[PDB]
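For reference, the structure discussed in these notes is given below.
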Amino acid sequence: XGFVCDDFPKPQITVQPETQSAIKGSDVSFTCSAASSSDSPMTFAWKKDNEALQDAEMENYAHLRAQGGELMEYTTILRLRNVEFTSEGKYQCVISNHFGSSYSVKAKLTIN
Amino acid sequence: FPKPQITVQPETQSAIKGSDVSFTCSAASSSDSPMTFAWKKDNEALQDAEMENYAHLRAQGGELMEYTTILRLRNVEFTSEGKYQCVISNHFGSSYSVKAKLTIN
Ligand SMILES: [Cl-]
Ligand SMILES: [Cl-]
Ligand SMILES: [Cl-]
Ligand SMILES: [Cl-]
């Protein structure tokens with residue numbers, strides 16, 4: 001889709017999470033942004049090594065009808081605090097609404 | 001946000017020889033400034049590319065400019081295979097889409 005028919009309701013990832021390194025005990029954040037032409041309930045999920053992070057601390061943002069236009073902008077920030085060697089793995093963001101789910105690139109986290 | 005912000009990325013596709021193929025890319029700007037839409041194949045400019053460019057200025061009476069560029073490829077040849085990229089720009093800056101691969105069978 002696009003703006004011609006204002007038909008991109010599925011989330012469109014615009015910012016990918018990035019592969020990072022962190023020291024044990026530090027705080028780590030992963031960010032993923034998306035856009036949509038639909039104002040529909042959104043769901044933000046994060047996974048580590050193909051498994052859901054059920055009690056993940058998140059900071060989710062929705063800018064609906066930005067500047068009075070027809071665009072929706074979203075950002076989800078995964079917050080990892082006091083990271084352990086067990087925090088190491090491939091992190092992935094899943095952004096979805098009832099039109100579809102969009103899967104981010106897998107961002108590797110290395111813990112030293 | 002005067003520089004264009006890509007909202008829809010072109011998608012990797014497969015097509016049969018002799019068919020028609022289209023790539024689409026959308027962007028938004030808070031600035032109603034002259035817009036340029038360009039498409040490249042394997043980092044090389046497509047100077048005579050057939051395009052359908054759309055500008056929805058002050059959409060719904062708001063202050064947002066919305067744009068879509070459609071690259072049109074007709075009667076694709078095996079030479080049409082490669083990584084396609086969209087560059088959307090105004091005098092504030094250029095935004096580069098992801099590279100979308102086209103496979104020709
Ligand atoms: Cl990140
Ligand atoms: Cl496309
Ligand atoms: Cl290339
Ligand atoms: Cl710059």
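Note on naming: chains are A, B, ... as they come in the structure tokens, residues start from 1 per chain, ligands start from 1 in the order shown.
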
List every residue of chain A that has an atom at most 6 Å from any atom of chain B, and for each one report the closest atom pair and its distance in Å to one decimal, counting only C-alpha atoms, with rows sorted by chain and then by increasing residue number, as a Markdown table.
| residue | atom | partner | partner_atom | distance |
| --- | --- | --- | --- | --- |
| A:2 | CA | B:26 | CA | 5.8 |
| A:3 | CA | B:68 | CA | 6.0 |
| A:35 | CA | B:7 | CA | 5.8 |
| A:67 | CA | B:63 | CA | 5.1 |
| A:68 | CA | B:62 | CA | 4.1 |
| A:69 | CA | B:64 | CA | 5.0 |

Do you have, as JSON lines, the list of residues of chain B lying at most 12 Å from ligand 3, each with its nearest atom pair and that distance in Å to one decimal, counting only C-alpha atoms and all ligand atoms and ordered by chain then number?
{"residue": "B:39", "atom": "CA", "partner": "ligand 3", "partner_atom_place_in_ligand_line": "1 (Cl)", "distance": 11.8}
{"residue": "B:40", "atom": "CA", "partner": "ligand 3", "partner_atom_place_in_ligand_line": "1 (Cl)", "distance": 8.5}
{"residue": "B:41", "atom": "CA", "partner": "ligand 3", "partner_atom_place_in_ligand_line": "1 (Cl)", "distance": 6.5}
{"residue": "B:42", "atom": "CA", "partner": "ligand 3", "partner_atom_place_in_ligand_line": "1 (Cl)", "distance": 3.4}
{"residue": "B:43", "atom": "CA", "partner": "ligand 3", "partner_atom_place_in_ligand_line": "1 (Cl)", "distance": 4.9}
{"residue": "B:44", "atom": "CA", "partner": "ligand 3", "partner_atom_place_in_ligand_line": "1 (Cl)", "distance": 8.1}
{"residue": "B:45", "atom": "CA", "partner": "ligand 3", "partner_atom_place_in_ligand_line": "1 (Cl)", "distance": 11.0}
{"residue": "B:81", "atom": "CA", "partner": "ligand 3", "partner_atom_place_in_ligand_line": "1 (Cl)", "distance": 10.7}
{"residue": "B:82", "atom": "CA", "partner": "ligand 3", "partner_atom_place_in_ligand_line": "1 (Cl)", "distance": 6.9}
{"residue": "B:83", "atom": "CA", "partner": "ligand 3", "partner_atom_place_in_ligand_line": "1 (Cl)", "distance": 4.9}
{"residue": "B:84", "atom": "CA", "partner": "ligand 3", "partner_atom_place_in_ligand_line": "1 (Cl)", "distance": 7.2}
{"residue": "B:85", "atom": "CA", "partner": "ligand 3", "partner_atom_place_in_ligand_line": "1 (Cl)", "distance": 8.1}
{"residue": "B:86", "atom": "CA", "partner": "ligand 3", "partner_atom_place_in_ligand_line": "1 (Cl)", "distance": 11.6}
{"residue": "B:97", "atom": "CA", "partner": "ligand 3", "partner_atom_place_in_ligand_line": "1 (Cl)", "distance": 11.9}
{"residue": "B:98", "atom": "CA", "partner": "ligand 3", "partner_atom_place_in_ligand_line": "1 (Cl)", "distance": 10.3}
{"residue": "B:99", "atom": "CA", "partner": "ligand 3", "partner_atom_place_in_ligand_line": "1 (Cl)", "distance": 7.0}
{"residue": "B:100", "atom": "CA", "partner": "ligand 3", "partner_atom_place_in_ligand_line": "1 (Cl)", "distance": 9.1}
{"residue": "B:101", "atom": "CA", "partner": "ligand 3", "partner_atom_place_in_ligand_line": "1 (Cl)", "distance": 8.6}
{"residue": "B:102", "atom": "CA", "partner": "ligand 3", "partner_atom_place_in_ligand_line": "1 (Cl)", "distance": 10.9}

Could you list, with a cut-off of 6 Å and counting only C-alpha atoms and all ligand atoms, the residues of chain A near ligand 1, each shown with its nearest atom pair and the distance in Å rounded to one decimal, rows sorted by chain and ascending number, as a tab-separated table?
residue	atom	partner	partner_atom_place_in_ligand_line	distance
A:17	CA	ligand 1	1 (Cl)	3.9
A:18	CA	ligand 1	1 (Cl)	4.2
A:30	CA	ligand 1	1 (Cl)	3.7
A:31	CA	ligand 1	1 (Cl)	4.4

Show me which residues are within 9 Å of ligand 4 counting only C-alpha atoms and all ligand atoms, and format the list as a ChimeraX atom specification.
/B:92-94

Using backbone DSSP assignments, extract all helix (DSSP H, G or I) residues from chain A; output them as a PyMOL selection string.
chain A and resi 66-68+85-87

Would you list, as a PyMOL selection string, the residues of chain B that end up in strand (DSSP E) under DSSP run on this structure's backbone?
chain B and resi 5-8+13-15+21-29+36-41+44-45+50-56+65-73+82-90+93-96+100-104

Find the spatial neighbours of region 96-98 of chain A, counting only C-alpha atoms, within a cut-off of 7 Å - ignore same-chain residues fewer than 4 positions away - and output them as number ranges by chain.
A: 10-11, 40-44, 102

What's around residue 50 (chain A) at 10 Å? Count only C-alpha atoms, leave out sequence neighbours fewer than 5 positions away in its own chain, and write the answer as an NGL selection string.
:A and (89-92 or 106)

Please, could you write that set of residues out with N, CA, C and O atoms as a CSV table (one decimal), in the first residue's frame?
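Everything below was put into result.csv:
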chain,number,residue,atom,x,y,z
A,89,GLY,N,21.4,-13.0,23.5
A,89,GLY,CA,20.6,-13.7,22.5
A,89,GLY,C,20.1,-12.8,21.4
A,89,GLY,O,20.4,-11.6,21.4
A,90,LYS,N,19.3,-13.3,20.5
A,90,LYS,CA,18.7,-12.6,19.4
A,90,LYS,C,17.4,-12.0,19.8
A,90,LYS,O,16.5,-12.8,20.1
A,91,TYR,N,17.2,-10.7,19.8
A,91,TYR,CA,16.0,-10.0,20.2
A,91,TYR,C,15.2,-9.6,18.9
A,91,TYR,O,15.8,-9.2,17.9
A,92,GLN,N,13.9,-9.7,19.0
A,92,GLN,CA,13.1,-9.4,17.8
A,92,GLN,C,11.8,-8.7,18.3
A,92,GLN,O,11.2,-9.1,19.4
A,106,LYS,N,16.4,-9.7,13.5
A,106,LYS,CA,16.8,-10.2,14.8
A,106,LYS,C,18.1,-9.4,15.2
A,106,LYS,O,19.0,-9.3,14.4

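One finds CA of residue 105 (chain A) at 29.2 Å from CA of residue 36 (chain B).
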
What is the distance, in Å and to one decimal place, between CA of residue 80 (chain A) and CA of residue 56 (chain A)?
8.0 Å

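Between CA of residue 77 (chain B) and CA of residue 103 (chain B) there is a distance of 10.3 Å.
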